[PDB]
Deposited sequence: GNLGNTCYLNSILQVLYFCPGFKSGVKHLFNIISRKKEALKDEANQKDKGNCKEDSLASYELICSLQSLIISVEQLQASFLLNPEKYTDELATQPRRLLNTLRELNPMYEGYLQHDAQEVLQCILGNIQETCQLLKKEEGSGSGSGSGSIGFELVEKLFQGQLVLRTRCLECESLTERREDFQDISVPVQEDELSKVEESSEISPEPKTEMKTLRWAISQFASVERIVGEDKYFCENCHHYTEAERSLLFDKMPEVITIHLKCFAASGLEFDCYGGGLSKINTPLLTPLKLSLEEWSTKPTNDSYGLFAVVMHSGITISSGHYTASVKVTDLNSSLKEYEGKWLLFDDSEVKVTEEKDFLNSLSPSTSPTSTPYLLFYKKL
């Protein structure tokens, strides 16, 4: 198969907290409506978005079945592991005006947006006839765009939403994640030819365009701009209190990395890796280890081996994921 850019983020989403039970209790409603109309006329555009939830549920059931057998290469047993991503990708391509390899971040945002779309479509038939806040309260947060008139030192505040956090690598050499976060969220100064007109001062003054974090989701997705074969420091623990509106001690931890192999992004291969914690059911053997996904082959590797696979310049990481601790 040649659907690595989708399969990587699918494997990442599989281990996201609340995503599993969320899509389960969301597909429950679709099955209820199917059988209720079987006992008892919607738009086809919404119907296409409805169907991918059932497709995702079948996929996740199959992945759970494959996990119970501890089969790490089902290519010789079940072709379904490759046929299901195509079943999802056809519906995805149908749901979009956009476009054998493409962006792994674009497909992530697209899947999340389609799930939010069907969440709204099911909301519009719940109170008119928690559950539908899946994507909104897992990956999407509350960004704040306060700018400060350096003369009167007054703050003007605006609110926005965000799922991904696009971030550069180098400047225009080993940069910590703090520097790369600052490059995206820190201050751009308004001063010179085009100043900022302050209504309070009624005058041209200097300003500071800064970004801030107000209310954070359960999982932070981090996009990494590049191709550049120079990686950066990837810290395990993470806290956003330095760039937060209301400084709170909600820290996060790295649990999923999507890496890119090949210089040309036109036909580069995406590889996935996910850490496993809170395995309450039984498997403490895998607790702390890292699963690596390359094509249909999943492997178990220690934390230090994966951390050395990151650091030196073969496959550079493309997406990072941090869950709340």
What stretches of this chain's deposited sequence are missing C-alpha coordinates?
1 to 3, 44 to 50, 110 to 112, 143 to 149, 193 to 209, 264 to 279, 366 to 368
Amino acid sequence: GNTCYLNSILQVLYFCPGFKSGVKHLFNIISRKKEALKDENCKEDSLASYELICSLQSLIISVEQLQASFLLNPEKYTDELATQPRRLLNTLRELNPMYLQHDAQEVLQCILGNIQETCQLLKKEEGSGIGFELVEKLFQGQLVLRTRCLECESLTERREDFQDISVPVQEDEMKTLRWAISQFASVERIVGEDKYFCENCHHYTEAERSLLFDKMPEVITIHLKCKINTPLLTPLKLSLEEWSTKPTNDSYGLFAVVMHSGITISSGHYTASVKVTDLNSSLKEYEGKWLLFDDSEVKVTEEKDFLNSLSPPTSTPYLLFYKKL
From here on, numbers count along this sequence of modelled residues.
Comparing 231 to 239 with 71 to 79, which stretch shows the greater average C-alpha B-factor in the deposited entry?
231 to 239
Test of understanding: from the entry's C-alpha B-factors, which stretch has the higher mean, 53 to 61 or 291 to 299?
291 to 299
Among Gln105, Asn200, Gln84, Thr176 - the residue whose C-alpha B-factor is largest in the record
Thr176
Which has the highest CA B-factor per the PDB entry: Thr248, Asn96, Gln109, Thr221?
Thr248
Can you tell me whether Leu138 has a C-alpha B-factor in the lowest, middle or highest third compared with the other modelled residues of the same chain?
middle
Would you please rank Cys149 by its C-alpha temperature factor against the other modelled residues of its chain and give the third it falls in: lowest, middle or highest?
lowest
Considering every modelled residue of the chain and its Cα B-factor in the PDB entry, is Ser8 in the lowest, middle or highest third?
lowest
Chain third (lowest, middle, highest) by recorded CA B-factor, residue given as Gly113:
lowest
Check where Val169 lands among this chain's C-alpha B-factors and tell me if it's the lowest, middle or highest third.
highest
